[PDB]
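Trainee: If you're matching them up, the sequences are chains C and A in order.
Per PDB author numbering, the first sequence runs over residues 22 to 192.
Per PDB author numbering, the second sequence runs over residues 21 to 194.
Got a structure for you, written out below as structure tokens; questions coming shortly.
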Amino acid sequence: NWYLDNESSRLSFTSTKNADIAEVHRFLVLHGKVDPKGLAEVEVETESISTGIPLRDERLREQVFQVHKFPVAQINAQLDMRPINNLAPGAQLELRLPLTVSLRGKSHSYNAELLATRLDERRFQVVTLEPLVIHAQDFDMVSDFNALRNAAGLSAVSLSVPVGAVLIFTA
Amino acid sequence: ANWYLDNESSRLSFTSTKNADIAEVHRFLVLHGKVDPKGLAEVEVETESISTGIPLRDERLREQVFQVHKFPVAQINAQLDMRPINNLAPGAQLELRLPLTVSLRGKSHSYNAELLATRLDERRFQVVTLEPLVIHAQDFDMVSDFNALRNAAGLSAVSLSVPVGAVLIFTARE
Ligand SMILES: COC1=C(OC)C(=O)C(C/C=C(\C)CC/C=C(\C)CC/C=C(\C)CC/C=C(\C)CC/C=C(\C)CC/C=C(\C)CC/C=C(\C)CCC=C(C)C)=C(C)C1=O
Ligand SMILES: COC1=C(OC)C(=O)C(C/C=C(\C)CC/C=C(\C)CC/C=C(\C)CC/C=C(\C)CC/C=C(\C)CC/C=C(\C)CC/C=C(\C)CCC=C(C)C)=C(C)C1=O
């Protein structure tokens, strides 16, 4: 019933390399749906990675995301829709929400800190109140991160990746 | 105007990275802020209100890094073009790039934030960072203090970069 409006939404993440160099990246194409029973799914087109350096995007698409095998990452959660449907337009609810992220067919559970705000009769916003930190090891990507750091000669790429999102859904 | 920040509805957070591979999210519990009708905006952070979930770490940050006894407030200052924001209908959003200045521990540094402004109702707006603002320790002459914290906590490394995010609600009220 609720569908994600990609043009209004943003999913970003921060990498830290060489100890002190933080950079923010994004994915350009998301999809998402929340059904009346509160089953929520967001799908990220991993090919739509955009880090600002095209050759880096390609290396990530080949080596880390492996998009030729896994063009989609999935984020899944189960909401209690009662309090969300009760929000008046303009009103917000803080949700601390278990969810699952699936990357390459590996899944891991995290706890998200989200803010849900009703925008109008048919539009809803969900934002990360604080970014959600994932770790390469959770998806068996440690050797893939280490591979990158090297061939594109760095001291190091941090194995933690904080993820933020502003998601707009429309009825 | 004037617009005032509703602390209970807002959150300013930041991420530190330790031992190369562990990112942790922390926040401040007490903010204030005002935007005047001319678009002059100021956010104050009470730095004593740091919350990392470890009291000892909170105390080290207060004393060593923030020096709350000399500087209990950090300030964020900007000048907004109010017209396009005020023109938003409830539920509508505008992306903007906002030059701003942060003053922390008696030093200042300028940034440009990528923000989304959304009108919530006739007297309330939400402002969120679409990407965090990345502060570096050297921006505020804090490098040695970061290394001191690293040393105190027995860490092999603390990143000198700190991405800062916010979800801020402002209300046209007294
Ligand atoms: C070519 O030149 C090069 C360089 O420079 C020249 C380089 O520096 C480098 C070095 C590499 C760089 C420094 C960058 C490296 C970046 C790294 C390695 C990649 C990290 C990627 C990770 C696997 C993370 C990817 C992100 C995920 C796919 C997204 C997951 C999203 C999750 C966490 C959820 C977030 C959203 C929220 C929780 C909202 C959810 C809410 C819904 C589910 C429900 C909503 C419903 C409502 C109503 C409540 C290279 C390699 C290079 O080639
Ligand atoms: C025993 O316990 C301990 C540990 O546990 C193991 C430790 O790991 C450790 C080791 C320490 C580490 C783990 C942590 C490292 C911490 C380090 C030093 C980080 C330090 C943090 C600071 C330097 C960063 C501070 C950032 C802030 C002050 C800046 C805030 C700026 C904000 C976000 C500005 C953005 C907002 C604006 C752009 C909005 C403008 C307003 C308008 C747009 C509003 C518009 C109005 C309309 C009308 C709506 C210790 C010490 C310990 O004691």
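Virtual Cβ for every residue (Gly too), placed ideally from N, Cα, C.
When burial is assigned at 16 or more other CB atoms within 10 Å of the CB, is residue 90 (chain C) buried or exposed?
Mentor: With fewer than 16 other Cβ atoms within 10 Å, it is exposed.
Trainee: Which ranges would you report for the alpha helix (DSSP H) in the segment 56-103 of chain A if only whole runs of at least 4 residues count?
Mentor: Runs found: 75-80.
Trainee: For residue 131 (chain A) and residue 80 (chain A), what's the separation of their Cα atoms in angstroms?
Mentor: So the alpha carbons of these two residues sit roughly 27 Å apart.
Trainee: Looking only at its chain, what residues have a beta carbon closer than 6 Å to the beta carbon of residue 11 (chain C), apart from the 5 residues adjacent to it on each side?
Mentor: An answer regarding residue 11 (chain C) cannot be provided, because it is not within the stretch 22 to 192 covered by chain C.
Trainee: DSSP beta-bridge partners for residue 153 (chain C)?
Mentor: Per DSSP, C:184.
Trainee: Three-state secondary structure (DSSP) at residue 164 (chain C)?
Mentor: The answer is helix: DSSP assigns residue 164 (chain C) an H, G or I state.
Trainee: Is residue 43 (chain A) near ligand 2 - that is, is its Cβ less than 6 Å away from at least one heavy atom of it?
Mentor: No, the Cβ of residue 43 (chain A) stays beyond 6 Å of every heavy atom of ligand 2.
Trainee: By Cβ distance, which residues of its chain are closer than 8 Å to residue 128 (chain C), with the 5 residues on each side in sequence left out?
Mentor: Answer for residue 128 (chain C): 121, 122, listed in chain order.
Trainee: Given a limit of 7 Å on CB to CB distance, which residues of the segment 169-183 of chain A reach chain C?
Mentor: If the cut-off is 7 Å between Cβ atoms, the segment 169-183 of chain A has 177, 179, 180, 181, 183 near chain C.
Trainee: Taking any Cβ of chain A, which residues in the segment 127-144 of chain C have a Cβ under 8 Å from it, in chain order?
Mentor: Correct list: 136, 138, 140, 141, 144.
Trainee: Can you name the residues that DSSP bridges to residue 136 (chain A)?
Mentor: Partner(s): A:115, A:148.
Trainee: In whole angstroms, give me the CA-to-CA distance for residue 113 (chain A) and residue 137 (chain A).
Mentor: Whole-angstrom Cα-Cα distance: 6 Å.
Trainee: Would residue 143 (chain A) be called buried (16 or more neighbouring beta carbons within 10 Å of its own) or exposed?
Mentor: Answer is exposed; the Cβ neighbour count stays below 16.
Trainee: Taking Cβ positions, are residue 219 (chain C) and residue 141 (chain A) nearer each other than 7 Å?
Mentor: An answer regarding residue 219 (chain C) cannot be provided, because it is not within the stretch 22 to 192 covered by chain C.
Trainee: For a contact defined as C-beta to C-beta under 7 Å, what are the partners of residue 69 (chain C) on chain A?
Mentor: Ordered by position in chain A, no residue passes the 7 Å Cβ test against residue 69 (chain C), which lies about 16 Å from the chain.
Trainee: Note down, in chain order, each residue of its chain lying with its Cβ closer than 7 Å to the Cβ of residue 68 (chain C), except the 5 sequence neighbours on either side.
Mentor: Here the set comprises 82, 88, 92.
Trainee: Is DSSP giving residue 29 (chain C) helix, strand or coil here?
Mentor: Residue 29 (chain C) falls in the helix class under three-state DSSP.
Trainee: Please state the DSSP three-state secondary structure of residue 172 (chain A).
Mentor: Reduced to three states, the DSSP call for residue 172 (chain A) is helix.
Trainee: Closest Cβ-Cβ distance between residue 64 (chain A) and chain C: below 7 Å?
Mentor: No, residue 64 (chain A) does not count as interfacial toward chain C.
Trainee: Cβ of residue 69 (chain A) versus every heavy atom of ligand 2: is any distance shorter than 6 Å?
Mentor: Every heavy atom of ligand 2 is 6 Å or more from the Cβ of residue 69 (chain A), so no.
Trainee: What I want to know is whether the C-beta of residue 98 (chain C) ends up closer than 6 Å to one or more non-hydrogen atoms of ligand 1.
Mentor: Because some heavy atom of ligand 1 lies under 6 Å away, the Cβ of residue 98 (chain C) counts as near it: yes.
Trainee: Can you pull the chain C residues whose beta carbon is under 8 Å from the beta carbon of residue 47 (chain A), in chain order?
Mentor: The contacting residues are 151.
Trainee: Since residue 55 (chain A) and residue 190 (chain A) should fall inside the 8 Å C-beta cutoff, what is the C-beta to C-beta distance between them, to a whole number of angstroms?
Mentor: Yes, they are in contact, since the Cβ atoms of residue 55 (chain A) and residue 190 (chain A) sit about 6 Å apart, within 8 Å.
Trainee: Out of curiosity, what's the CA-to-CA distance linking residue 46 (chain A) and residue 66 (chain A)?
Mentor: Using only the alpha carbons, I get a separation of about 14 Å.
Trainee: Using a C-beta to C-beta distance shorter than 7 Å, which residues of chain A count as neighbours of residue 154 (chain C)?
Mentor: In chain order: 43, 45.
Trainee: Starting from the beta carbon of residue 33 (chain A), find every residue of chain C whose beta carbon is closer than 7 Å, and list them in chain order.
Mentor: Result: 151.
Trainee: Are the CB atoms of residue 188 (chain C) and residue 147 (chain C) nearer to each other than 7 Å?
Mentor: Yes, these two residues count as a Cβ contact at 7 Å.
Trainee: Applying the criterion that 16 or more other CB atoms from any shown protein chain within 10 Å of the CB defines a buried residue, is residue 74 (chain A) buried or exposed?
Mentor: Burial call: exposed.
Trainee: Determine which residues share a DSSP beta bridge with residue 47 (chain A) and list them.
Mentor: BP columns for residue 47 (chain A) point to A:33, A:71.
Trainee: Please state the DSSP three-state secondary structure of residue 141 (chain C).
Mentor: In this structure, residue 141 (chain C) counts as strand in the three-state DSSP scheme.
Trainee: Just how far apart, CA to CA, sit residue 96 (chain C) and residue 64 (chain C)?
Mentor: Distance between the alpha carbons of residue 96 (chain C) and residue 64 (chain C) is about 6 Å.
Trainee: Name, please, each residue of chain A whose Cβ falls closer than 9 Å to the Cβ of residue 99 (chain C).
Mentor: Simply none; closest approach about 23 Å.
Trainee: Would you report the Cα separation of residue 177 (chain A) and residue 151 (chain C), rounded to the nearest angstrom?
Mentor: Answer to the nearest angstrom: the Cα atoms are 23 Å apart.
Trainee: Among the residues of its own chain, which have a CB less than 7 Å from the CB of residue 78 (chain A), if the five just before and after it don't count?
Mentor: Result list for residue 78 (chain A): 70, 71, 72, in chain order.
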